[PDB]
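Student:
Residue numbers (this note's numbering): 5 to 107.
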């Protein structure tokens, strides 16, 4: 049966719509990111640049991305942070696939 395949396809497409909505919300908004006492404005462009890094690699070094940018992307459940490793990964393979399909 195609059933499990189709269920996964549901999950995959859904996450694509979700990521598209996330990214479209940035068109007229520059998020203000809170990091303790810091308040830092970031831009859609910066966010796209960081996510594009995940197009060819599942696991990305935090040193490639401004902290304000990846903190936002973690807060927003796009990425997970491994502080000890100094790396980030998509929060699921659905998120990864969506990045690769959309960016």
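Backbone N, C-alpha and C define an ideal beta-carbon position, used for all residues, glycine too.
Hey, how far is the Cα of residue 23 from the Cα of residue 57?
Tutor: Taking the chain shown and counting its residues from 1, one reaches residue 23 at position 19. Taking the chain shown and counting its residues from 1, one reaches residue 57 at position 53. Cα to Cα, the separation comes out at about 15 Å.
Student: Might you give, ordered along the chain, the residues of its own chain that have their beta carbon closer than 7 Å to the beta carbon of residue 91, omitting 5 neighbours on each side?
Tutor: For the purposes of this step, residue 91 is taken as the residue at position 87 of the chain shown. So the qualifying residues of the chain are 63, 64, 65 and 66.
Student: Is the beta carbon of residue 107 closer than 8 Å to that of residue 15?
Tutor: Your numbering for residue 15 matches position 11 in the chain shown. Your numbering for residue 107 matches position 103 in the chain shown. No.
Student: Excluding the five sequence neighbours on either side, which residues of its own chain have a C-beta within less than 7 Å of the C-beta of residue 100, listed in chain order?
Tutor: For the purposes of this step, residue 100 is taken as residue 96 along the chain shown, with counting starting at 1. Contacts found: 58, 62 and 94.
Student: Would residue 45 and residue 34 qualify as a contact pair, given that the criterion is a beta-carbon distance under 8 Å?
Tutor: To locate residue 45, count along the chain shown from 1; it is residue 41. To locate residue 34, count along the chain shown from 1; it is residue 30. The answer is yes: Cβ separation under 8 Å.
Student: What's the gap between the Cα of residue 105 and the Cα of residue 26?
Tutor: Working through the chain shown from its first residue, we reach residue 105 at position 101. Working through the chain shown from its first residue, we reach residue 26 at position 22. Approximately 14 Å, taken between the alpha carbons.
Student: Should residue 48 and residue 77 be called a contact, given that it needs their Cβ atoms to be closer than 8 Å?
Tutor: As a first step, residue 48 must be located in the chain shown, where it is residue number 44. As a first step, residue 77 must be located in the chain shown, where it is residue number 73. Not in contact: residue 48 and residue 77 (Cβ atoms no closer than 8 Å).
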